[PDB]
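Participant: My questions all concern the structure below.
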Amino acid sequence: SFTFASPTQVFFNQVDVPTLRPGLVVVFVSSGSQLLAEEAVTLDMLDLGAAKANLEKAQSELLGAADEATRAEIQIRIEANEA
Amino acid sequence: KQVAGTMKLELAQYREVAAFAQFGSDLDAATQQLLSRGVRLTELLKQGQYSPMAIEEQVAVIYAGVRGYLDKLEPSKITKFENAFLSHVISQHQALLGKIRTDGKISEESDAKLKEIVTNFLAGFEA
Amino acid sequence: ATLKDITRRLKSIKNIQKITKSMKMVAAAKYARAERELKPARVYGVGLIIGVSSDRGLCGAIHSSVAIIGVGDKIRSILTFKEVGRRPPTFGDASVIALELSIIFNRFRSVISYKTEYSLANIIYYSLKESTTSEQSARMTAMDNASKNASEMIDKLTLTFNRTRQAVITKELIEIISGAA
Amino acid sequence: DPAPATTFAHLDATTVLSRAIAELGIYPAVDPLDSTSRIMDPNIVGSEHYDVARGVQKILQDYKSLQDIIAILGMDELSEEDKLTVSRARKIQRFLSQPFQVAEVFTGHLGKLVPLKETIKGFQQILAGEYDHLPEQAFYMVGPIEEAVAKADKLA
Amino acid sequence: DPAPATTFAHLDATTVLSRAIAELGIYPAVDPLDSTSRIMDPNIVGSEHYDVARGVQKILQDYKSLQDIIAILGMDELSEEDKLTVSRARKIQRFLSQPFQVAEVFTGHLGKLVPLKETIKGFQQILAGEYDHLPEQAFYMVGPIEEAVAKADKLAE
Amino acid sequence: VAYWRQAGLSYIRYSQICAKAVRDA
């Protein structure tokens, strides 16, 4: 059997898995390790018109600024938004 | 009689909940509103000495609390608000106070005029 | 003992009775939310000390049973993270704790009963979701009983008040009659 | 009441019974904080006797002046320190109860008479925390402390 | 009691002392919630004086009503607004205490006389939260508010 | 070794950032 949940929602009680690494799951997951994810969502709820705004905003803080590991947090946010 | 009934009921409902007015940070909005209307009407029942009020002046203040125009005003400021408000209406809106007396109630026209005066007056006073 | 003393106590225990009842009702709603959130939290859960409880008391033996970090302001004051319990725990709460870094928590059974890398944050989260469900039930329970104890004390005190009230009147009258005779 | 109130000063030892205590099932229903003796004196009964007696009374008084909070919120709200004093005081309260040869129909137990040295030793051990692990009911309606041990063994 | 009860109506100002207060070491043991005066009137003493006096009485009555609830349910159950009124009220209770020149044999403190101007200012500032950061005991058994500040500094080391 | 793990950082902070970026979208 296959179990697939976020800390708040249960989806399931072949599985394509991104490695975790922000990406699509085909039976969108944020991260984690039964498939465990910090944020697992549709797919219907995601926008996506505002993720482009989030990607550009993250690429704006990157050309800051500057101080290491700040910065490394900005790049992670860019990786999550690109996916 | 058009305002005393509503006030009596809202204070009675407030008295049931008043004990935990300071012990209910997570209780639901419905009982939060009873408490909020509660110590507002209570503040409006406070009165200084040696200046008894004409009936039309009484109902104009009681109406303002009952119809909900002071629910966003800090409790501790209400007594000083009313003093300023009453001085203002007596001096400038005697025509309004006469209308509540000559007609023996608060009409829609009077209600609209009192709304404009109270709301705009409230914002200036709370600064 | 004396009417004035009982009068103050009576007003005090009357206020407590009301507050304890309202606290029971808030905790009942908080538990209702927590038990719903515990369902998908357990299925997620399946896959140094330091001590998990909360900031708020009046929940019986929640803090004492679990009692250098400790999550909950009661943990450090009896034996560090504050502002826990009031808002339901999240995975973000678990992350904060894990980033600042057995596990001792109260496991939920029923309304009456409770018992003492990335997976590190999962274990802290599991303990959190169980703890608050237990804590909210236990507070609901303890406050229900406290409000009942307050009720019985109000009755007991009101009876003492009224016996004293009558005795004072009778005694005064007997002194007056004795002086007149 | 003027009758009993005037009687006290005519006595060298007083045993004051309490209805509240009787209703809790403690017999004899002696109020341990309202019963006195002129020979309760270290120079008369020896320091050991005196110390254990006063130690018992201290823990009982400490339990007493928590009654207000306990009656409302229960024992679970108290500090660990106060919970310890409550648990021992409750065991001491029970160990102060005793089956009487004369009251066998009412207790259902054979009457017991306890030597003074055994009384001192039993309460000494409780105060020292030697029986903190034992259940409270084990100390109820026994003679010497050994009976409380044997009673607890049958329970668990 | 009929004797004092009948006396009240013959007075213009009443200072009521309380054993419940004396027992706490608060001297003079004046009950601030049972002492009255005909001239406690904004038109006689002025609005500043009257407002501070009523403010002090309100905070003390609010605290008195809370004491018994917090004695059982605990301080942590109070809202931030309530525990602010608690701490300020306890400082106000203490700032009402005062060493008397005739009481030096009882207090061990030099007697103090506080001008009315300084009395008003002192309670005004406590009410306004100007000394929220100072310990409770700094306010106990002093004259003017400057002595409470000095006492707070002395209490540090 | 991953870039975020050089000066700092944990995988807990990685997941915390990624999870929030999903919510904000």
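We count from 1, first residue shown onward.
Recorded method for this deposit: X-ray crystallography, 2.0 Å.
Cβ from N, Cα, C; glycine included.
Pasting the feature list from Swiss-Prot:
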MOD_RES   D:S47  phosphoserine
MOD_RES   D:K58  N6-acetyllysine
MOD_RES   D:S65  phosphoserine
MOD_RES   D:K112  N6-acetyllysine
MOD_RES   D:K117  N6-acetyllysine
MOD_RES   D:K154  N6-succinyllysine
MOD_RES   D:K154  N6-acetyllysine
Participant: For the modified residues D:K58, D:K117, D:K154, which one has its C-beta crowded by the most other C-beta atoms within 10 angstroms?
Facilitator: D:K58
Participant: Could you say whether, by DSSP, the residue listed as 'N6-succinyllysine' belongs to a helix, a strand or a coil region?
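Facilitator: The residue in question, the residue listed as 'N6-succinyllysine', is helix (DSSP, three-state).
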Participant: Can you tell me how far the Cα of D:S47 (phosphoserine) sits from the Cα of D:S65 (phosphoserine), in Å?
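Facilitator: So the alpha carbons of D:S47 (phosphoserine) and D:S65 (phosphoserine) sit roughly 27 Å from each other.
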Participant: Rank aside, I only need the closest one: which of the modified residues D:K58, D:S65, D:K154 has its C-alpha nearest to that of D:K112 (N6-acetyllysine)?
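Facilitator: Its closest listed neighbour, by Cα, is D:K154.
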Participant: Can you tell me the three-state DSSP label for D:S65 (phosphoserine)?
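Facilitator: Note: D:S65 (phosphoserine) is coil by DSSP, not helix or strand.
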Participant: So how many other Cβ atoms are close to D:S47 (phosphoserine), meaning within 10 Å of its Cβ?
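Facilitator: 9, counting other Cβ atoms within 10 Å of D:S47 (phosphoserine).
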